[PDB]
$ cat model_8.txt   # compact mmCIF, N, CA and C atoms
# COMPACT_ATOMS: atom_id res chain seq x y z
N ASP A 1 0.36 1.04 -2.36
CA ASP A 1 0.39 2.08 -1.30
C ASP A 1 1.34 1.65 -0.18
N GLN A 2 2.35 2.43 0.08
CA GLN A 2 3.31 2.07 1.16
C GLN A 2 2.55 1.92 2.47
N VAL A 3 3.25 1.63 3.53
CA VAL A 3 2.57 1.47 4.85
C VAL A 3 3.51 1.94 5.97
N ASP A 4 3.26 1.53 7.18
CA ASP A 4 4.14 1.96 8.30
C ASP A 4 4.79 0.75 8.98
N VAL A 5 5.64 0.05 8.28
CA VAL A 5 6.31 -1.14 8.90
C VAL A 5 7.57 -0.67 9.63
N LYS A 6 7.80 -1.16 10.82
CA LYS A 6 9.01 -0.73 11.57
C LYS A 6 10.26 -1.30 10.90
N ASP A 7 10.80 -0.60 9.94
CA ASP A 7 12.01 -1.10 9.25
C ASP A 7 13.25 -0.70 10.05
N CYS A 8 14.38 -1.29 9.76
CA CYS A 8 15.61 -0.94 10.52
C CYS A 8 16.84 -1.05 9.61
N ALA A 9 16.78 -0.49 8.43
CA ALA A 9 17.96 -0.57 7.52
C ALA A 9 18.97 0.50 7.89
N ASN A 10 18.64 1.73 7.65
CA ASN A 10 19.59 2.83 7.96
C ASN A 10 19.09 4.12 7.30
N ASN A 11 17.81 4.32 7.26
CA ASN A 11 17.27 5.54 6.62
C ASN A 11 17.90 5.68 5.23
N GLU A 12 18.26 4.58 4.63
CA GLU A 12 18.90 4.65 3.28
C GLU A 12 18.05 3.86 2.27
N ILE A 13 17.12 3.07 2.73
CA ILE A 13 16.28 2.29 1.78
C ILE A 13 15.86 3.19 0.63
N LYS A 14 15.72 2.63 -0.54
CA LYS A 14 15.33 3.45 -1.72
C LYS A 14 13.84 3.27 -1.99
N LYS A 15 13.27 2.22 -1.48
CA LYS A 15 11.83 1.99 -1.74
C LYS A 15 11.32 0.81 -0.91
N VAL A 16 10.54 1.08 0.08
CA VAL A 16 10.00 -0.02 0.93
C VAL A 16 8.49 0.16 1.08
N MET A 17 7.72 -0.70 0.47
CA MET A 17 6.24 -0.57 0.58
C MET A 17 5.61 -1.97 0.63
N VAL A 18 4.31 -2.03 0.56
CA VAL A 18 3.62 -3.35 0.61
C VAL A 18 2.24 -3.19 -0.02
N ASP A 19 1.94 -3.97 -1.03
CA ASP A 19 0.62 -3.84 -1.71
C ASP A 19 -0.53 -4.15 -0.74
N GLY A 20 -0.98 -3.17 -0.01
CA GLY A 20 -2.12 -3.40 0.93
C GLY A 20 -1.68 -4.29 2.10
N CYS A 21 -2.09 -3.95 3.29
CA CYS A 21 -1.72 -4.76 4.49
C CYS A 21 -1.76 -3.84 5.72
N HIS A 22 -1.33 -2.60 5.56
CA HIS A 22 -1.30 -1.64 6.69
C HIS A 22 -0.09 -1.93 7.58
N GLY A 23 0.71 -0.94 7.84
CA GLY A 23 1.92 -1.16 8.69
C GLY A 23 1.70 -0.55 10.08
N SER A 24 2.59 -0.83 11.00
CA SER A 24 2.45 -0.27 12.38
C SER A 24 1.28 -0.97 13.09
N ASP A 25 0.09 -0.50 12.87
CA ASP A 25 -1.10 -1.12 13.49
C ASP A 25 -1.10 -2.61 13.13
N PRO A 26 -2.18 -3.30 13.40
CA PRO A 26 -2.27 -4.73 13.08
C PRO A 26 -2.45 -4.88 11.57
N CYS A 27 -1.35 -4.84 10.86
CA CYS A 27 -1.38 -4.92 9.38
C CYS A 27 -2.59 -5.69 8.87
N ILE A 28 -3.64 -5.00 8.56
CA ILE A 28 -4.81 -5.69 7.98
C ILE A 28 -4.61 -5.68 6.48
N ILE A 29 -4.83 -6.76 5.82
CA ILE A 29 -4.58 -6.78 4.37
C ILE A 29 -5.85 -7.07 3.60
N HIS A 30 -5.79 -6.93 2.31
CA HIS A 30 -7.01 -7.18 1.48
C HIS A 30 -6.80 -8.40 0.58
N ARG A 31 -7.88 -8.95 0.09
CA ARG A 31 -7.80 -10.14 -0.82
C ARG A 31 -8.03 -9.68 -2.26
N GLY A 32 -7.71 -10.50 -3.23
CA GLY A 32 -7.93 -10.10 -4.65
C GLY A 32 -6.83 -9.14 -5.11
N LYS A 33 -5.82 -8.95 -4.31
CA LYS A 33 -4.71 -8.04 -4.72
C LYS A 33 -3.38 -8.67 -4.31
N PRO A 34 -2.38 -8.48 -5.13
CA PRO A 34 -1.04 -9.04 -4.89
C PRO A 34 -0.33 -8.31 -3.74
N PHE A 35 -0.21 -8.97 -2.62
CA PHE A 35 0.46 -8.34 -1.45
C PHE A 35 1.97 -8.56 -1.55
N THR A 36 2.56 -8.18 -2.65
CA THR A 36 4.03 -8.36 -2.83
C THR A 36 4.78 -7.42 -1.88
N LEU A 37 4.99 -7.82 -0.66
CA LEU A 37 5.73 -6.94 0.29
C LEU A 37 7.11 -6.65 -0.30
N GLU A 38 7.77 -5.63 0.16
CA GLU A 38 9.11 -5.31 -0.40
C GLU A 38 9.94 -4.49 0.59
N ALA A 39 11.06 -4.00 0.12
CA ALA A 39 11.96 -3.18 0.97
C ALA A 39 13.35 -3.23 0.34
N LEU A 40 13.75 -2.18 -0.30
CA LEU A 40 15.08 -2.17 -0.98
C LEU A 40 16.10 -1.42 -0.13
N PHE A 41 17.34 -1.41 -0.56
CA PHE A 41 18.38 -0.68 0.21
C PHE A 41 19.72 -0.87 -0.47
N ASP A 42 20.55 0.13 -0.44
CA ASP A 42 21.88 0.01 -1.08
C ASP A 42 22.87 -0.37 -0.02
N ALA A 43 23.46 -1.50 -0.18
CA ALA A 43 24.46 -1.96 0.79
C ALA A 43 25.36 -0.79 1.18
N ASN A 44 25.39 -0.44 2.45
CA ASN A 44 26.24 0.70 2.89
C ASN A 44 27.19 0.24 4.00
N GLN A 45 27.14 -1.02 4.34
CA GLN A 45 28.05 -1.55 5.40
C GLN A 45 29.34 -1.98 4.73
N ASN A 46 29.92 -3.06 5.15
CA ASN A 46 31.17 -3.52 4.50
C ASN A 46 31.33 -5.04 4.70
N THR A 47 30.50 -5.86 4.09
CA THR A 47 30.65 -7.33 4.32
C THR A 47 30.24 -8.13 3.08
N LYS A 48 31.17 -8.80 2.45
CA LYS A 48 30.79 -9.62 1.27
C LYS A 48 29.80 -10.69 1.73
N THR A 49 29.76 -10.95 3.00
CA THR A 49 28.81 -11.97 3.53
C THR A 49 27.44 -11.32 3.76
N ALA A 50 26.58 -11.96 4.51
CA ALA A 50 25.23 -11.38 4.76
C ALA A 50 24.39 -12.36 5.56
N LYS A 51 23.43 -11.89 6.30
CA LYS A 51 22.57 -12.82 7.08
C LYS A 51 21.12 -12.56 6.69
N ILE A 52 20.19 -13.05 7.45
CA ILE A 52 18.77 -12.81 7.09
C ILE A 52 17.85 -13.33 8.19
N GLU A 53 16.70 -12.73 8.32
CA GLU A 53 15.73 -13.17 9.35
C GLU A 53 14.32 -12.84 8.86
N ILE A 54 14.01 -13.19 7.65
CA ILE A 54 12.66 -12.89 7.09
C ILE A 54 11.68 -13.95 7.56
N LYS A 55 10.44 -13.62 7.68
CA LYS A 55 9.44 -14.63 8.11
C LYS A 55 8.04 -14.21 7.71
N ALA A 56 7.58 -14.68 6.59
CA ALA A 56 6.20 -14.33 6.15
C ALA A 56 5.34 -15.59 6.22
N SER A 57 4.21 -15.53 6.87
CA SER A 57 3.36 -16.75 6.98
C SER A 57 2.01 -16.52 6.31
N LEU A 58 1.66 -17.33 5.36
CA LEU A 58 0.37 -17.16 4.68
C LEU A 58 -0.41 -18.48 4.78
N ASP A 59 -1.71 -18.42 4.81
CA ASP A 59 -2.50 -19.68 4.91
C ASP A 59 -1.96 -20.69 3.89
N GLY A 60 -2.10 -20.39 2.63
CA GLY A 60 -1.60 -21.33 1.59
C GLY A 60 -0.21 -20.90 1.12
N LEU A 61 0.47 -20.09 1.88
CA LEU A 61 1.83 -19.65 1.47
C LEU A 61 2.65 -19.34 2.71
N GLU A 62 3.13 -20.36 3.37
CA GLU A 62 3.92 -20.14 4.61
C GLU A 62 5.34 -19.69 4.28
N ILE A 63 5.52 -18.48 3.80
CA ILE A 63 6.91 -18.05 3.52
C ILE A 63 7.71 -18.32 4.80
N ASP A 64 9.00 -18.38 4.72
CA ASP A 64 9.78 -18.65 5.96
C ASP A 64 11.27 -18.53 5.66
N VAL A 65 12.03 -18.13 6.64
CA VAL A 65 13.49 -17.98 6.42
C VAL A 65 14.24 -18.40 7.69
N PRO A 66 14.16 -19.67 7.96
CA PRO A 66 14.80 -20.29 9.13
C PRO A 66 16.29 -20.52 8.87
N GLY A 67 16.76 -20.11 7.73
CA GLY A 67 18.20 -20.31 7.40
C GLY A 67 18.32 -21.02 6.05
N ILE A 68 17.37 -20.80 5.17
CA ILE A 68 17.42 -21.46 3.84
C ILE A 68 18.78 -21.22 3.20
N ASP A 69 19.16 -19.98 3.03
CA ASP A 69 20.48 -19.69 2.40
C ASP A 69 21.59 -19.92 3.42
N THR A 70 22.76 -19.39 3.17
CA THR A 70 23.89 -19.57 4.11
C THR A 70 24.38 -18.19 4.57
N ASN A 71 23.87 -17.15 3.98
CA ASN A 71 24.30 -15.78 4.37
C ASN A 71 23.63 -14.77 3.45
N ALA A 72 22.34 -14.68 3.52
CA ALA A 72 21.61 -13.69 2.68
C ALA A 72 22.23 -13.64 1.29
N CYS A 73 22.78 -14.72 0.86
CA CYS A 73 23.41 -14.76 -0.49
C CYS A 73 22.43 -15.42 -1.46
N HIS A 74 21.95 -16.58 -1.12
CA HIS A 74 20.99 -17.29 -2.01
C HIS A 74 19.73 -16.44 -2.18
N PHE A 75 19.57 -15.42 -1.37
CA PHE A 75 18.36 -14.56 -1.48
C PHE A 75 18.73 -13.19 -2.03
N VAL A 76 19.97 -12.80 -1.90
CA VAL A 76 20.34 -11.43 -2.36
C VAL A 76 21.83 -11.36 -2.70
N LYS A 77 22.28 -10.21 -3.14
CA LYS A 77 23.72 -10.05 -3.46
C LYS A 77 24.53 -10.25 -2.18
N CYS A 78 24.85 -11.47 -1.88
CA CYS A 78 25.60 -11.81 -0.61
C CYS A 78 26.46 -10.65 -0.12
N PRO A 79 27.36 -10.19 -0.93
CA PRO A 79 28.24 -9.09 -0.53
C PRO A 79 27.47 -7.78 -0.53
N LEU A 80 27.15 -7.29 0.63
CA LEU A 80 26.41 -6.02 0.71
C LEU A 80 27.43 -4.92 0.84
N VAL A 81 28.06 -4.86 1.97
CA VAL A 81 29.09 -3.86 2.19
C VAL A 81 28.61 -2.53 1.61
N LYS A 82 29.44 -1.55 1.53
CA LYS A 82 28.97 -0.24 1.02
C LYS A 82 29.41 -0.06 -0.42
N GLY A 83 29.29 -1.07 -1.21
CA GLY A 83 29.71 -0.94 -2.62
C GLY A 83 28.72 -1.68 -3.52
N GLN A 84 27.47 -1.78 -3.13
CA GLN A 84 26.50 -2.49 -4.00
C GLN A 84 25.07 -2.13 -3.61
N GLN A 85 24.23 -2.00 -4.59
CA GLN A 85 22.80 -1.70 -4.34
C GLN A 85 22.03 -2.98 -4.65
N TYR A 86 20.99 -3.29 -3.94
CA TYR A 86 20.30 -4.56 -4.26
C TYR A 86 18.87 -4.54 -3.69
N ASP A 87 17.99 -5.38 -4.19
CA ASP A 87 16.58 -5.30 -3.71
C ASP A 87 15.97 -6.66 -3.33
N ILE A 88 16.03 -7.04 -2.08
CA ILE A 88 15.38 -8.30 -1.65
C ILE A 88 13.90 -8.22 -2.01
N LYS A 89 13.06 -9.07 -1.46
CA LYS A 89 11.59 -8.99 -1.80
C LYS A 89 10.83 -10.28 -1.42
N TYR A 90 9.53 -10.27 -1.65
CA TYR A 90 8.64 -11.44 -1.33
C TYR A 90 7.32 -11.23 -2.09
N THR A 91 7.35 -11.49 -3.38
CA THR A 91 6.14 -11.29 -4.24
C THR A 91 4.90 -11.91 -3.60
N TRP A 92 3.79 -11.88 -4.30
CA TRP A 92 2.54 -12.45 -3.72
C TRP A 92 1.47 -12.65 -4.80
N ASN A 93 1.36 -13.83 -5.35
CA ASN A 93 0.30 -14.08 -6.36
C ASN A 93 -1.03 -14.16 -5.61
N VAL A 94 -1.84 -13.14 -5.67
CA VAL A 94 -3.11 -13.17 -4.90
C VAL A 94 -4.31 -13.56 -5.77
N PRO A 95 -4.88 -14.70 -5.47
CA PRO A 95 -6.08 -15.20 -6.15
C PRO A 95 -7.31 -14.49 -5.57
N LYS A 96 -7.88 -15.05 -4.53
CA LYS A 96 -9.04 -14.43 -3.85
C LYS A 96 -8.74 -14.49 -2.36
N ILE A 97 -8.33 -15.64 -1.92
CA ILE A 97 -7.92 -15.82 -0.50
C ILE A 97 -9.06 -15.53 0.49
N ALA A 98 -10.24 -15.20 0.03
CA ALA A 98 -11.33 -14.94 0.99
C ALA A 98 -10.86 -13.91 2.02
N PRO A 99 -11.78 -13.51 2.84
CA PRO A 99 -11.54 -12.53 3.91
C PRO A 99 -10.87 -13.24 5.07
N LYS A 100 -10.06 -12.55 5.81
CA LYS A 100 -9.44 -13.18 6.98
C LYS A 100 -8.65 -14.44 6.58
N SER A 101 -7.45 -14.56 7.07
CA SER A 101 -6.62 -15.75 6.74
C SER A 101 -6.47 -16.62 7.99
N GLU A 102 -6.39 -17.91 7.83
CA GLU A 102 -6.24 -18.80 9.01
C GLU A 102 -5.23 -18.20 9.98
N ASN A 103 -4.29 -17.45 9.48
CA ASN A 103 -3.27 -16.83 10.38
C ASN A 103 -2.24 -16.08 9.54
N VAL A 104 -1.57 -15.12 10.12
CA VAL A 104 -0.54 -14.36 9.35
C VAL A 104 0.49 -13.76 10.30
N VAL A 105 1.62 -13.38 9.78
CA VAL A 105 2.68 -12.77 10.64
C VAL A 105 3.85 -12.36 9.75
N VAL A 106 4.16 -11.09 9.70
CA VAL A 106 5.28 -10.63 8.83
C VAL A 106 6.46 -10.18 9.70
N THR A 107 7.65 -10.36 9.21
CA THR A 107 8.86 -9.95 9.98
C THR A 107 10.06 -10.00 9.04
N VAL A 108 11.10 -9.27 9.33
CA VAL A 108 12.28 -9.31 8.42
C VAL A 108 13.48 -8.61 9.05
N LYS A 109 14.65 -8.86 8.52
CA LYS A 109 15.88 -8.22 9.04
C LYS A 109 17.08 -8.71 8.25
N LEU A 110 17.89 -7.81 7.76
CA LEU A 110 19.10 -8.22 7.00
C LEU A 110 20.33 -7.81 7.81
N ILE A 111 21.19 -8.74 8.11
CA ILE A 111 22.39 -8.42 8.93
C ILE A 111 23.67 -8.82 8.21
N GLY A 112 24.48 -7.87 7.82
CA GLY A 112 25.75 -8.23 7.13
C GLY A 112 26.79 -8.62 8.18
N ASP A 113 27.76 -7.77 8.42
CA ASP A 113 28.79 -8.08 9.44
C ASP A 113 29.12 -6.78 10.16
N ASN A 114 28.39 -5.74 9.88
CA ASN A 114 28.67 -4.45 10.54
C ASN A 114 27.42 -3.95 11.26
N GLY A 115 26.27 -4.47 10.90
CA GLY A 115 25.01 -4.02 11.56
C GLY A 115 23.81 -4.67 10.86
N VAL A 116 22.70 -3.99 10.83
CA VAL A 116 21.50 -4.57 10.15
C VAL A 116 21.22 -3.81 8.86
N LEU A 117 21.55 -4.39 7.74
CA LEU A 117 21.32 -3.71 6.43
C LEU A 117 19.86 -3.24 6.31
N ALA A 118 18.92 -4.10 6.59
CA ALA A 118 17.49 -3.70 6.46
C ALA A 118 16.66 -4.31 7.59
N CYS A 119 15.37 -4.13 7.55
CA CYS A 119 14.51 -4.71 8.62
C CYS A 119 13.05 -4.34 8.34
N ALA A 120 12.13 -5.11 8.86
CA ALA A 120 10.69 -4.81 8.63
C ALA A 120 9.84 -5.77 9.47
N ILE A 121 8.94 -5.24 10.25
CA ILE A 121 8.09 -6.13 11.10
C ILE A 121 6.65 -5.62 11.11
N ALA A 122 5.70 -6.49 10.88
CA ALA A 122 4.28 -6.06 10.88
C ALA A 122 3.57 -6.70 12.08
N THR A 123 3.68 -6.09 13.23
CA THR A 123 3.03 -6.66 14.44
C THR A 123 1.63 -7.16 14.09
N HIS A 124 1.42 -8.45 14.15
CA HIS A 124 0.08 -9.01 13.83
C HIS A 124 -0.32 -8.63 12.40
N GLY A 125 -1.17 -9.41 11.80
CA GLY A 125 -1.63 -9.11 10.41
C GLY A 125 -2.88 -9.92 10.12
N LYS A 126 -4.01 -9.28 9.98
CA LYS A 126 -5.26 -10.04 9.72
C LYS A 126 -5.81 -9.68 8.33
N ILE A 127 -6.17 -10.66 7.56
CA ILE A 127 -6.74 -10.39 6.21
C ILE A 127 -8.21 -10.04 6.36
N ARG A 128 -8.76 -9.27 5.45
CA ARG A 128 -10.21 -8.88 5.51
C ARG A 128 -10.34 -7.41 5.12
N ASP A 129 -10.12 -6.53 6.05
CA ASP A 129 -10.23 -5.08 5.76
C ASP A 129 -9.90 -4.28 7.01
$ encode --input "model_8.txt" --output "structure tokens"
Amino acid sequence: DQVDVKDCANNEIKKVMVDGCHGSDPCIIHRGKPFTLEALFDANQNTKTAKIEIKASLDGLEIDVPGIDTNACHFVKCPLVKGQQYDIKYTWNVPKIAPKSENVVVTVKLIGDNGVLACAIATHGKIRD
């Protein structure tokens, strides 16, 4: 079920949803289900390069993107520009995780060289219901 995450790609994304979590409000998520967040988009800018600012924090899964790649390349089709379609992502193997997580926080943003290819932020996020 999609949600209401404040994305900032360009009203061009082809599919941006999140397996349970709730967008906009304090993204509350559920346990026992794969919270594979996502957000696709067809490169419409013009830059073979690319940047990134993703940040997913999970109790036993502290996703993070402090600069792992060198230009949204090791994570996606580096060259976005307006001549390529591609789908970043952040799967989620969900065991049980119990209710409520020690802490959580979702955020994201793709920046080529002309603007922000994509974006997604879940102000606060508590597991449980």
$ residues_around --input "model_8.txt" --residues "residue A:14" --least-positions-apart "6" --cutoff "6.5 Å" --atoms "all atoms listed in the file" --output "ChimeraX atom specification"
/A:39-42
$ atom_distance --input "model_8.txt" --atom1 "atom N of residue A:46" --atom2 "atom CA of residue A:17"
24.2 Å
$ closest_residue --input "model_8.txt" --among "A:77, A:124, A:82, A:6" --to "residue A:105" --atoms "all atoms listed in the file"
A:124
$ axis_aligned_box --input "model_8.txt" --around "stretch 117-123 of chain A" --padding-each-side "6 Å" --output "JSON"
{"center_x": 11.6, "center_y": -5.2, "center_z": 10.4, "size_x": 31.9, "size_y": 15.9, "size_z": 20.1}
$ select_by_dssp --input "model_8.txt" --residues "stretch 58-125 of chain A" --states "strand (DSSP E or B)" --output "MDAnalysis selection string"
chainID A and resid 58 61 84:86 90 105:111 116:122 125
$ decode --input "model_8.txt" --residues "stretch 107-118 of chain A" --atoms "N, CA, C and O atoms" --output "CSV table (one decimal), in the first residue's frame"
chain,number,residue,atom,x,y,z
A,107,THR,N,14.5,9.0,5.1
A,107,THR,CA,14.8,10.2,4.4
A,107,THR,C,15.5,9.8,3.0
A,107,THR,O,16.1,8.8,2.9
A,108,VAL,N,15.4,10.7,2.1
A,108,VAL,CA,16.1,10.3,0.8
A,108,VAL,C,16.1,11.5,-0.2
A,108,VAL,O,15.4,12.5,0.0
A,109,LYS,N,16.9,11.5,-1.2
A,109,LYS,CA,17.0,12.6,-2.2
A,109,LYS,C,18.1,12.2,-3.2
A,109,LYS,O,19.2,11.8,-2.9
A,110,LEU,N,17.7,12.3,-4.5
A,110,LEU,CA,18.7,12.0,-5.6
A,110,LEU,C,19.0,13.3,-6.3
A,110,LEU,O,18.1,14.0,-6.8
A,111,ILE,N,20.3,13.7,-6.4
A,111,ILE,CA,20.6,15.0,-7.1
A,111,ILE,C,21.6,14.7,-8.2
A,111,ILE,O,22.8,14.4,-7.9
A,112,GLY,N,21.3,14.9,-9.4
A,112,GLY,CA,22.2,14.7,-10.5
A,112,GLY,C,23.1,15.9,-10.6
A,112,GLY,O,24.0,16.2,-9.8
A,113,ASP,N,22.9,16.7,-11.7
A,113,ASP,CA,23.7,18.0,-11.8
A,113,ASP,C,22.8,19.1,-12.3
A,113,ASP,O,23.2,20.2,-12.7
A,114,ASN,N,21.5,18.8,-12.4
A,114,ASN,CA,20.6,19.8,-12.9
A,114,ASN,C,19.5,20.1,-11.8
A,114,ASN,O,18.8,21.1,-11.9
A,115,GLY,N,19.3,19.2,-10.9
A,115,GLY,CA,18.3,19.4,-9.8
A,115,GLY,C,18.2,18.2,-9.0
A,115,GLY,O,19.2,17.5,-8.8
A,116,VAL,N,17.1,17.9,-8.4
A,116,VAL,CA,16.9,16.7,-7.6
A,116,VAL,C,16.1,15.6,-8.3
A,116,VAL,O,14.9,15.7,-8.4
A,117,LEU,N,16.8,14.6,-8.8
A,117,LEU,CA,16.0,13.5,-9.6
A,117,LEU,C,14.9,13.0,-8.7
A,117,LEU,O,13.8,12.8,-9.2
A,118,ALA,N,15.1,12.6,-7.5
A,118,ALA,CA,14.0,12.1,-6.7
A,118,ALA,C,14.1,12.6,-5.2
A,118,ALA,O,14.9,13.4,-4.9
